[PDB]
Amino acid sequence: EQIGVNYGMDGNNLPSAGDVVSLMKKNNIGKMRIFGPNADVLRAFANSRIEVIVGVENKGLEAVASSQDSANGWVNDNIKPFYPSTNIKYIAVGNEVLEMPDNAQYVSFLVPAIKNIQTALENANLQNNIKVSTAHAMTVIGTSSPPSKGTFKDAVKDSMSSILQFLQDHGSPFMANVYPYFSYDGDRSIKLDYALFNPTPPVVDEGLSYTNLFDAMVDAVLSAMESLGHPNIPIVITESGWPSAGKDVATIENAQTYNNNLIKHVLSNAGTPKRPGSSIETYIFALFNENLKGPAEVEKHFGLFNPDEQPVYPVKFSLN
């Protein structure tokens, strides 16, 4: 029912955690994601009722993969002290680990880290309350057009099969970072209107109507999961957004259009064409412009808000 955001912290000038809680409450933002442990933040969110995804940082995967004691320590230090007052719902063990050159060094730690974090939750008696997954980039997807033909790249199938079985066994969601922006930027034969949810001819695929690129990308992931024998794993969109400066189509107007339209889309009952009828759990990337991101200028312009909490552009955060 309420939208989520990524609470990215890679800026040198961002608000206190308490101010961030107030900003989310004021704007009916009901879910948030952090990329790593942060006690000050989890403390600030106590009794806020905001649902929280806490990450294991990619650089922390090796420790928790290599030892159950380490994974137990991670849960006991970073999660257990804050639950249930802070409503932690998921641990996202790693971010964009697979099919990403910068993270190739961490790939061998991914699956054992997921499993050890799960065991650590069980050891803490938190397994009924908090589930475990990992956030994937779209680089894990091989074929994506048409969405019905979606597959995983051959190179990730082994890892992905293991991950999907884990998810099925634990009733845990696939977490996807999904950016029509990047798909469009890299292939200008895509219609910009389709990327933005603007009026555009729908794409009919096996009787299903794709009115926008977001739905097409998400459904390619669903088809890919089905192709590995997993038709019943839900998807949480851990990131989606559109930068407001730094490229021809990275503008105030386009970011405003994309994020307003995305919110209206995912909070509605539309669903996606393969899974219609229910809201899509989504975390906008990101709450603030983050002035230490880079190197490309677009990276510093993913915020719904400037660091002073002034909107970068107006956003309707609810269906009301």
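Residue numbers run from 1 along the displayed sequence.
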Next item on the list: Would you determine, from the values in the PDB entry, which of 210 to 218 and 161 to 169 has the greater average C-alpha temperature factor?
Entry: 161 to 169
Next item on the list: Look up the CA B-factors in the entry and say which stretch, 133 to 141 or 98 to 106, has the higher mean.
Entry: 98 to 106
Margin query: For the CA B factor values reported in this entry, which option in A92, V249, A124, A176 has the top one?
Written below: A124
Item checked: Selection by C-alpha B-factor (highest) of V75, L228, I237, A195 -> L228
Checklist line | Within-chain third of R275 by Cα B-factor, per the entry | finding: highest
Notebook entry, point to check: According to the PDB entry, is the CA B factor of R49 in the bottom, middle or top third of its chain, that is, lowest, middle or highest?
Noted result: highest
Check: If you rank every modelled residue in this chain by C-alpha B factor, which third holds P180: lowest, middle or highest?
Finding: lowest
Note to self: Using only modelled residues of the chain, where does the Cα B factor of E57 rank: lowest third, middle third or highest third?
What the structure shows: lowest
Notebook entry, point to check: Split the chain's modelled residues into thirds by Cα B-factor; is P146 in the lowest, middle or highest one?
Noted result: highest
